[PDB]
Each structure stands twice: as structure tokens, then as C-alpha cells.
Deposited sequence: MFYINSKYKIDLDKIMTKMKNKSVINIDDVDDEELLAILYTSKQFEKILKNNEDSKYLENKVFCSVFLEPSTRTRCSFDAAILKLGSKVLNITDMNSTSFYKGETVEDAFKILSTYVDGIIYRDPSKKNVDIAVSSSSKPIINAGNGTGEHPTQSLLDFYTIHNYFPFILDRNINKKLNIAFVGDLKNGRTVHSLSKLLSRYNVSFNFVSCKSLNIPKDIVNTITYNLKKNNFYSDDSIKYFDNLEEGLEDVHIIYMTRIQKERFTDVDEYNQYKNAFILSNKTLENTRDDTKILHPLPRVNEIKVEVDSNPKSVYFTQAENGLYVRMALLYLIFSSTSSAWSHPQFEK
């Protein structure tokens, strides 16, 4: 089990991940990331070649979504169902009409006795943590108000590593530069990816108008993790207030949503990007990326969304299997 260079004791790493909850991307270590990336690529190739995907029958899940994120929900449902497992949905509900003045602790104590794991999206910070304390069953965070969204990080990374697989090598001469563009203060999808990318030899360009620039403690977290693998320099973290400067010599352009312009991506603004550059976006977009760009071989935002299926399949498989693995 190799991804060109690195062997993976997928047996060993699963024994370690068995019945792991995944709340923060920080819950995934080096070996676990390699296992998720290897297993996601198996599921990508199996699905694309119309082969049997049912690597996890015998499980019943609960998909508790206490805010409407229809894209994220449906992704997990598809992941579960394509694996050949069954799922029980709670949806169109909010925090208060679901926990009809029942304690959270009590609800996850009971619900964990019904199902084999729970996928949980809640705006409440505190609640996902309370569930993780009370649940007798693994929880996988599909997002909360703490901007924790490990699946979105994992799938953002999977996308990036598919076009620039030297990111895993942590080689001082093979460095990847990324430009984060838009509302970096509130685009919590940026903070999480940053946390993860800084574990590798990466150079960040935060492209924002001042008012919505990347928060101080993300930059501290990035700097910590760059310093830990001896990849921090004066040139690790750069800042720009316009594209022409920011999009120069960057392997990845990750566009964010920008609510309340200089940060609209066009085929114009993409002329002076590298030849190999790939454009990411968690979606939904609005005006952030002009439709003309979809024609551009540089755009991958829809393949990114697609990889979400293969990454959530991987993660569910590695965690919930009672192991034969997927291959070729």
C-alpha cells in the first residue's frame, strides 16, 4: 500500500483510528492523513471505474444537521450510502426544536445507543463537544460555529495533494505557495486548511482588504508549525491588498466567500498565474469567481466538491470498519 513513495500499514493505522471521533483537523496526525489520502484515491478510482463501492455495509448512522447545510449533509449521506451502510437523518431542525428543552448530554447518551456513529452539524460551539462527551459512539463533525470542519480541510488538502503531491514529502527544495483570497477573518475554511498546510513546507499569501485579513492567532499557529519542521522564513507569510501582486507565483488560489471588487477572479486576473496553478473554493460561490473561469483548465472547485464524496467515504471506512481494504 504505497502513494508512489510512502508505504502505509493501513492495518496498523486503522487499529489506531477505530472508533476515533474527528472534531478538529488537529485530531488527524501524519500517518492518519496518509491513510485518508490513500483510501480517498482508492474510492475515487473505484467510483470513476463503476466498480463496487460497498466497503462498509452493516453500519447504521444518524446525520444530525441542526442548520441547513444541504451540500455537506447530502455529501455524507452519499458517502454512507455508496459504502452500502444505512443512515437515519434529523434535518430542517434547529438547536432548540431538536433539544426541546432536553439536555444535549441526555440526547447523545440515548441516540448513541441506537446507531454505530453520528455525523453532527450544529452552529453551537459548546454542543458538539458536549455530544463527544456523552456519546458512546464516534462523532464526525460536519461543522460548528468554532469554524472546525475537518472533512472540508481533509478534502481541500486531498484536492491540493492530487495536483502537487510533493506537499507530503516535506522536502526543503519542494515548497508549495498558496494564496488565500477574500474574507480571511471570517472564512473559517481558511483557518483550518492553514493549520494543516503549515504542517508541510508551504508559503502563504493572505490577500484581503485589512478589515477582513487573516486573524493573528492563525498566523501564530502557522508560524509554530512551520518552525516545528524548520520551514519558517521572512518569505513564509506575505500579505497583499490586490490580486496582481498576490496571485504571482502561487501553485494554489483558494478563493473564499466575501459578504458586504478587487477580489473577483476573472480570466483577465488569471493571465499572470503560473502555468500549473489550480483554483479552489469551498462553495457556494456568488460573485467571487466569474462563470467564464469554469472553462479554464486552472479551475478545479467542482472537482474539489466531488472529492468530498471520496474523502468522507475514506474517513467513514477507516473509522467504522471492523476489519480486504479497497485497491486499484
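For this session: Note down, first to last, the deposited-sequence stretches for which the model contains no C-alpha atom.
Result: Missing CA coords at 1-2, 263-275, 339-342, 348-349.
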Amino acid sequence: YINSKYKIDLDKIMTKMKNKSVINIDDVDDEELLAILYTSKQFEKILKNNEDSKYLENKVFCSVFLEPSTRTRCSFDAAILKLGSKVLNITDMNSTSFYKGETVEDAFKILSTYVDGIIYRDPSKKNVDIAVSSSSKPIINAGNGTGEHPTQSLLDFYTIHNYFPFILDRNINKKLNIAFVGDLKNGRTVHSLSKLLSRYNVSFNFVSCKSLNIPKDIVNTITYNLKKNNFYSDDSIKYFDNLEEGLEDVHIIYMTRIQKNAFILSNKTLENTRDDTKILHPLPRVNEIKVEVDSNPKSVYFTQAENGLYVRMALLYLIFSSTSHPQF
From here on, numbers count along this sequence of modelled residues.
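Exercise. Is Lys260 unbuilt in at least a third of the other PDB entries compared?
Worked result: Yes, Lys260 lacks coordinates in at least a third of the other compared entries that model both of its neighbours.
Problem set entry | Average Cα temperature factor in the PDB entry - higher stretch of 39-47, 272-280 | 272-280 has the higher mean C-alpha B-factor.
Exercise. Averaging C-alpha B-factors over each stretch, which comes out higher, 95-103 or 223-231?
Worked result: Higher of the two, by average CA B-factor, is 95-103.
Problem set entry | Criterion, highest CA B-factor; candidates, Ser69, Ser53, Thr303, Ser63 | It is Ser69.
For this session: Pick out which of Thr159, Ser203, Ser192, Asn242 has the highest C-alpha B-factor in the PDB entry.
Result: Highest CA B-factor of the listed options: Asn242.
Exercise. What third of its chain, lowest, middle or highest, does the C-alpha temperature factor of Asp77 fall into?
Worked result: For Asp77, the deposited C-alpha B-factor lands in the lowest third.
Exercise. What third of its chain, lowest, middle or highest, does the C-alpha temperature factor of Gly117 fall into?
Worked result: For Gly117, the deposited C-alpha B-factor lands in the lowest third.
For this session: Taking the values exactly as deposited, rank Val28 by C-alpha B-factor within its chain and report the matching third: lowest, middle or highest.
Result: It falls in the bottom third of the chain.
Problem set entry | CA B-factor ranking of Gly187, expressed as a third of its chain | Its C-alpha B-factor, which the entry lists for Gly187, ranks in the middle third among residues of this chain.
Problem set entry | Relative C-alpha B-factor of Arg257, binned into the chain's lowest, middle or highest third | Within its chain, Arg257 is a highest-third residue by C-alpha B-factor, going by the deposited values.
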